[PDB]
**Q** 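This is the structure I have questions about; it appears just below.
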Amino acid sequence: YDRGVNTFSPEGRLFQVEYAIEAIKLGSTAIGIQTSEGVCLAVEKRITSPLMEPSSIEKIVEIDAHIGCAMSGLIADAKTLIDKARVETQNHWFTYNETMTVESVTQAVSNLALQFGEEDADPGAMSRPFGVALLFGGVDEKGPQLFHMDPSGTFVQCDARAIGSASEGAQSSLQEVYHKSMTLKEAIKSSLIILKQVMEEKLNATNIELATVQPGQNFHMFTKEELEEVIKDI
Amino acid sequence: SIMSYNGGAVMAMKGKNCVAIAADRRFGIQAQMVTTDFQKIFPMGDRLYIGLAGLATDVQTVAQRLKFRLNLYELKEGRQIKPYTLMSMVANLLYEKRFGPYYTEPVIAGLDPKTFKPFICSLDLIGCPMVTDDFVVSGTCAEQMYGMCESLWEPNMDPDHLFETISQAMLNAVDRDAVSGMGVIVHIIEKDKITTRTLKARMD
Amino acid sequence: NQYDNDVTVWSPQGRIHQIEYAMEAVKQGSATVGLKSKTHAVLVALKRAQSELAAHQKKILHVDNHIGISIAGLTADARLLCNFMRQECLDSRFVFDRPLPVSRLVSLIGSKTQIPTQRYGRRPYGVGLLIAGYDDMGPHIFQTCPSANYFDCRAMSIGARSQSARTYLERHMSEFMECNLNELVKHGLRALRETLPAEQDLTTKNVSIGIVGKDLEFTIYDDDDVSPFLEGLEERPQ
Amino acid sequence: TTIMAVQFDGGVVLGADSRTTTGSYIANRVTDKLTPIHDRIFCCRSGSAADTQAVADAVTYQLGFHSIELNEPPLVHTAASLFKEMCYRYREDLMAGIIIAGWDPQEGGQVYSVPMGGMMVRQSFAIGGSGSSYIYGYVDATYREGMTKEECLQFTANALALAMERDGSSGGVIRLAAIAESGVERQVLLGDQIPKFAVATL
Amino acid sequence: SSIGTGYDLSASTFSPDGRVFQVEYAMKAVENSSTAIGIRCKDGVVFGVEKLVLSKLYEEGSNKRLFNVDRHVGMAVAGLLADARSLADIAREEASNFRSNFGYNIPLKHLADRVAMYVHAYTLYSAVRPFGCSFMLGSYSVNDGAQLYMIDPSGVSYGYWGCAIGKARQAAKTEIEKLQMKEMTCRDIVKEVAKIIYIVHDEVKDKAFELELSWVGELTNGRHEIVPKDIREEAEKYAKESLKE
Amino acid sequence: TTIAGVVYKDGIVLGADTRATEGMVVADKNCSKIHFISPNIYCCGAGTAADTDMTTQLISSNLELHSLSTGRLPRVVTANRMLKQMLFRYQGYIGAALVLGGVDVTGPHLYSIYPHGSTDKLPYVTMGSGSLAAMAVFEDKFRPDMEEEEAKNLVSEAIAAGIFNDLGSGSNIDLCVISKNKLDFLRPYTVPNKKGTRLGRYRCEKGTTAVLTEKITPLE
Amino acid sequence: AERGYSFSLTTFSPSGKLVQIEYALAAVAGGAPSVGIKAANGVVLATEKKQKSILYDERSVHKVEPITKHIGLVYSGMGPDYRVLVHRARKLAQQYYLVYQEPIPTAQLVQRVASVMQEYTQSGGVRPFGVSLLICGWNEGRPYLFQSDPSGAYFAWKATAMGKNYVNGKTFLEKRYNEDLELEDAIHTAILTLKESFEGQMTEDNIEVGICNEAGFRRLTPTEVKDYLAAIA
Amino acid sequence: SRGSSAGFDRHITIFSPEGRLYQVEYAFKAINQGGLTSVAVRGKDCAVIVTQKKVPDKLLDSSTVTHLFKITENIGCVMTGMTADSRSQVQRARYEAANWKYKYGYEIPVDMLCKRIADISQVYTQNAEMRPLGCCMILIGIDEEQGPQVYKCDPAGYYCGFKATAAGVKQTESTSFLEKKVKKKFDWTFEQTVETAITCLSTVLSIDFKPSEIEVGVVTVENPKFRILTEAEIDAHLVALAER
């Protein structure tokens, strides 16, 4: 039985959007923590072979020098949104000579939400939702911010958030350990801990990626050694 | 003028059961000659040639697109093209650019591939066809060629006399034109064979 | 089940199921209430949070200096409509240099939202709106449905468990036209409150307020700017 | 060209010369410049022959379809409005001076002017064309409210005769047409039928 | 009279017995709607609408089912409301364009024909669905007279002396045929309209309701207007009192 | 170019000269300026030669389609309409000046058609550089309801006037006679012009032209 | 408002068949029969123009239509489709004439029309034509007879039959007909092969005949067909 | 075969396994849903249309209820079947006529009008996106040389000229009647034609109509303008039938 991509369920939801939400539950789990000292983003790489170069796995990217993004689900779909976000920030810089607020970027990417459909559309329009969940971590005038976005287009600010397969467990673990006065060190530490809890493989320096954004420092992806120094303090 | 930018001359002449077409060989840019072997006469099948004078670019381009359409014709249909039909084809091709025309005034000369009856014609830059029973000319020395052809052409000429006539006409007309010449080439075609000659000509 | 999947398909009983299913999307959203005096128009909305470590969803959006909205349903469709309304208002100020009449903005929303309920492969907007405004005819509260229908309300509430609010509002209609701002926002907050179990109640964390009036441009209050409104309510006990 | 239209009680009266020139040469010394738009609606043309012919045909087409679709005799004001629309929309590409006149069961006999700009105005009488310039005074001193049909006929005849006498782009024959509820009465004044005026001698 | 085996999923599909069921279903959506009537007399046309109130929270005059299509043309609808509004916009645009192109107020029969062709255009293809509404157009002029037309989801347009649409169609018509409207004036008619509405209303199944009334005639110099609060309440009183017999 | 047309008792006589000039040089001494439109309709052409050719051919084609569909013989009004609308659409950029004549169920009809798209229905018309001479002949010697030979004589006289008084015209005279039941496509009518006999023999004998290169190619 | 279905209505079956084309052919093999004979000096087309009442004016619609001055058409199958194809064929012929100033060769017309027919077996939202065509023509001295089917395929025939009982008509032709026949004899055997099916009295208004010699294509007058239907002349 | 179906051959205009078009036949059935019958007869010097005028309600302006339409001043038509479709097709016909005169300079012949409409309908027959029109058009008018003309077009795309035809419920029976009455060979005069049509319809439905139950269109050689008879003249034709 085939119906349109813009069909409502009797419950009042779009089948494709819901199925996309389902599609996220297979993605690598990711953790973001917001803190007055900065925002941290951590994600497991999920290497499926020793033959696969893990440095070619980036589930954390720089949107701009003050905004990073962690992605879960269908990475191929995520690349498009990432590029669109970067282009958006650069256009905003060009026009106004000032950086974008994290909420503005997030909103921009969220504008491509339900921009899919069959009839009455361009011949280069999307046929289906993006099967991807995003975590934007940034620093602006309102300080360190962290936002979460899903294929519904609904985006919301979060203090600490987990996306992916082990979303629920990791979120509970986060709730148990988060307070609005942690240090960045405590945040990173916690993230790596919960990540190790939910990851099926043994946590190591070439198995996850971690990035921070602090008010005094641009977006930074942690090196192997910098990761080792942290994993040391398990 | 645009037509005088490269110069050149093309002539066709009827005979008995034969036909002739000739052209000078000069390719120049205004006063300066670049080459002396420029082709202005193109085979469009056995016993059917087309002569193109005017802007060299459009000579080459019209020739090429003509060969394009002609090849398609000879493929779709199982036959070589008739002269009248080639004339109408060229006319169509030129009139397609009615408001941005190719700068060439083509001359067609050939024998009916079924019969042997000689056919000659010339066209506008926008493809107005003109058939005659004597001769046709096109080029920067049109008046000269007219002058020679009106005085030398006899009706029922044999291949040799058609040759001598068209050759003398071309030579003497071209030799009173600064941007035409640097050699003359003549194709005289009959039922059984085709004779191609280059004339001894002035090179100034 | 064969009259379920396309908006262009009437049911044998004179209904369109895609429109109704779309209407169901309004009920999935957190409740919101809107009421007017004779001078002011107030939206009160119960925000809503995923987990405790997530902020509460925005429910009130600014359209023009004299017009604001409260949303219920698909947030993407809400932002879509919001941008449409903003653009129409801007157009009106640009061309006529006067603010766009609320009823006309609403009519435009009706026209725009009706279109895809008649074209194949198109879907209705999955969002309900409450519109607060003020113009030459005073304060206004409007309600827009996914069916592309719209209503001029004296007060209204939409969203999950909004029937309670609807009842309360239906009781105190005769008071509203003469209330003062504080009392109006109070009534809105009570209407919003009746949409909750006895365990939970209003906070400066899960309530957004929006006011527009004869002496006040459309304004949004939340967090600590809501406290003056809440700290003035009767601790309704079970 | 000299065209003229006078409104009376029961309807209207149309008049035009018959000279069409290309330069100083007369391409047609016997032109029909009174063109039926409908059963009781005519137009007087002036300006580019191509333009006026094309526009008249288009208007005739549109008005025909319109009248069939309404199942009523079309209004003169409607034909005039159609001419107005075309002549105004393409004012930079058309050279046409039109006079729409006719009878109509709703508003009776009427005359409208649609000059080169594309404006439209109803008038008691209207003149147009190159020759019109020479008869403004005459037509202003000779006109009188409440003329009979035959009086209007003689009136237009005289005016056109004068214009044709003075204007080089005007001449040939005179074409008249009376329109009323009765119907269309066309006639042609030629040679000696054309009114003459005492020419200065000594 | 009920075939549903795929033969009723598209307006581009005939039933084996030569019917288009989508149009019939839209008509059925009209049948489930509150009743609206319109009646033509010798000096104009009057409209009456039974506007069911779904909530006391809705303001007086919300969800009007009476429209100004042109300054001389009024419109009364029944059925899916949003569709009715869209058709009202269409009618308005048609009238506007007619004025711009021809100079005068559009004749009612012509406006009817145009809008009806527009409606009919939606009963041919699978790409769109028929309009779930029927509507009446009323107008008055000294050069045309008083005119009243009705259009259904199929695109059919007819001229009437009296007409009704919605739930109680036939009952309303039976009540209407008792009137000699060809001799009465709009003034006398308003009362009778309100009366027929109050009769036809079912207070048991349908709760509270609001009465809409529209003038268009010689009394209004050809302008389609709303019935004044005075005449409206007068007619309502006449109706309520006539209801007790 | 001098083309003319006249209406007589039983139909229509069309006339044309046969000179085609490029500038002030005669290119063609025997140009055909009378074009087939339909079996009952013919058209003389002056102005831009290619434009008259293509216009007249296009209209002929569309009219053949039209009559093929209708099963009836084409009307002259139809040709006039098609021509004038096409020409008006192009705003004079198609330099076709035409004399259109034919016989219908409604009888004989003669139009003159100008490149801008204006037409005139007249008993006699002239177009071209030699049109004023021909028009003089007509205005002097035309009467209504002439007989065939008289009309042919008149038209040939007008075309001759053009030929001998206009540098744009010359050579032969073509006539086309169209009646309710006859079509006389006389081509040419009468050549009042001849090249003088050659006084000399400028014949070149074989070998008098020097040759640098030869190449014989046998065919089949 | 309307757009258009952009997918094929004609698709391959697992057996490898284009079902809609074969159903179209079924529609052809249910229509009135038609015969075509190429005869050295000419071509004959004939068909059963049997009405359904005396009320039908047989002097209004024809089955034997001219395409140009030298090409003719008949069909078997659905009428309206045939009419469309006739308009289209005429247009194609005229385009050819505008480009080449030479009457279109019969084979070329057949190829172009066949291309048009093929389009409607692959383009979106349409069914194939329910028509087989017989096309006669005179070009380059020789006479020509082609048949084009709904698939868009065409064949050159010396003689053939289509429509009802086309197989038996075909056999009848294979036996009771061959080359070196004058056009008259061909008309004779054509009316003869049509008579192998025409249930009822075959009158001069029950059948339509068209001929194509080197003088042009034309429809035979009812009088001429009567003279031929006198089993003589 | 013999009534077999495969795929969507009963939903859209594609071929059934025996090469039929079911949707077209369904359109033909859709014609009868109106419950009306129209008769068209051609005379020696005229052409006549007659149709039932069922007005079951006094709440209607009879003046607006008509299946007779003016396509041109000299071309009339009667429509049978779905009403809205009929008016659509009428508009299309009017447009094609006006456009014809505009392009070609002469009045369109009934032959070509009918052919045009039929050509248009064939498209609906061959494209899946739209369904045929449930209507049937019969045109009458005087041609310049062929005399009086009666033509008719189908939802199938068929069109033809007739001496007499009919459409609607009582179609086959009307055809039988008319084809019986044509063989007689009588002076097909104006009154003969009118009476023939009226009596055809009457006997086929059996009524002896009131002058308000039918409508009569007509066109003559002496008066080519399409004329719709007043109820008065209709009655004048009615009372003349109750004499012999």
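Chain naming here is simple, since letters A, B, ... match the order of the sequence lines and numbering starts at 1 in each. We use all heavy atoms of the structure for the numbers below, so side chains are in, but hydrogens, waters and symmetry mates are not.
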**Q** Chain G: which of H:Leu21, H:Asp154, H:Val150, H:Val123 shares the most heavy-atom pairs with it under 4.5 Å?
**A** H:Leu21
**Q** Measure the CG-OH distance between G:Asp57 and H:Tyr151 for me, rounded to the nearest 0.5 Å.
**A** 6.5 Å
**Q** Heavy-atom distance under 4.5 Å to chain G: side chain of H:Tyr159, backbone, both or neither?
**A** both
**Q** Taking only residues at least two apart or on different chains, which pairs with a member in residues 110-130 of chain G satisfy salt bridge (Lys or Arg N to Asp or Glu O under 4.0 Å)?
**A** G:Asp81-G:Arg127
**Q** Should the heavy atoms of other residues, nucleotides or ligands under 6.0 Å from OH of G:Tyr96 be counted, would the total exceed 12?
**A** yes
**Q** Indicate the atoms forming the closest heavy-atom contact of G:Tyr120 with H:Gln126, along with that distance.
**A** CD2-NE2, 3.2 Å
**Q** Do you know which two heavy atoms are closest between G:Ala26 and H:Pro17, and how far apart they sit?
**A** CB-O, 4.0 Å
**Q** Please list, chain by chain and in numerical order, all residues satisfying salt bridge (charged side-chain N to carboxylate O under 4.0 Å, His left out) with G:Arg83, sequence neighbours excluded.
**A** H:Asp119
**Q** side-chain contact (heavy atoms from CB on, under 4.5 Å), that's the test. Do H:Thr165 and G:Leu55 meet it? Break it down for me.
**A** CA-CA 7 Å; H:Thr165 0; G:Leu55 307 174; 5.7 Å; no
**Q** Rounded to the nearest 0.5 Å, how far does CD of H:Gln122 lie from NE2 of G:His87?
**A** 11.5 Å
**Q** Determine the minimum heavy-atom distance between G:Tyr5 and H:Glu129, stating which atoms define it.
**A** N-CG, 3.2 Å
**Q** G:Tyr23 and H:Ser16: side-chain contact (heavy atoms from CB on, under 4.5 Å), yes or no, with the steps?
**A** CA-CA 7 Å; G:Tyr23 290 173; H:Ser16 72; over 6 Å; no
**Q** Could you give the distance from CE (G:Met78) to OG1 (H:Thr125), rounded to the nearest 0.5 Å?
**A** 7.0 Å
**Q** Might you point out which heavy atoms bring G:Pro128 and H:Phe15 nearest each other, and give the distance in Å?
**A** O-CE1, 3.2 Å
**Q** What residues of residues 83-113 of chain H make heavy-atom contacts with chain G at a cutoff under 4.5 angstrom?
**A** none
**Q** Among residues at least two apart in sequence or on other chains, which ones pass ring-ring contact (aromatic ring centres under 6.0 Å, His included) with H:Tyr158?
**A** none
**Q** Grab the two heavy atoms, one from H:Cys160 and one from G:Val61, that are nearest each other, plus how far apart they are.
**A** CA-CG2, 4.0 Å
**Q** Just how far is it from atom OG1 of G:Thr10 to atom CD1 of H:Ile14, taken to the nearest 0.5 Å?
**A** 8.0 Å
**Q** Examine distances only and state if a side-chain atom of H:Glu18 and a backbone atom of G:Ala27 form a donor-acceptor pair shorter than 3.5 Å.
**A** no
**Q** Of the non-hydrogen atoms in H:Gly157 and G:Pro80, which two are nearest, and what is the gap between them?
**A** C-CG, 3.4 Å
**Q** Identify which part of H:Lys152 has an atom lying under 4.5 Å from any heavy atom of chain G, answering side chain, backbone, both or neither.
**A** neither
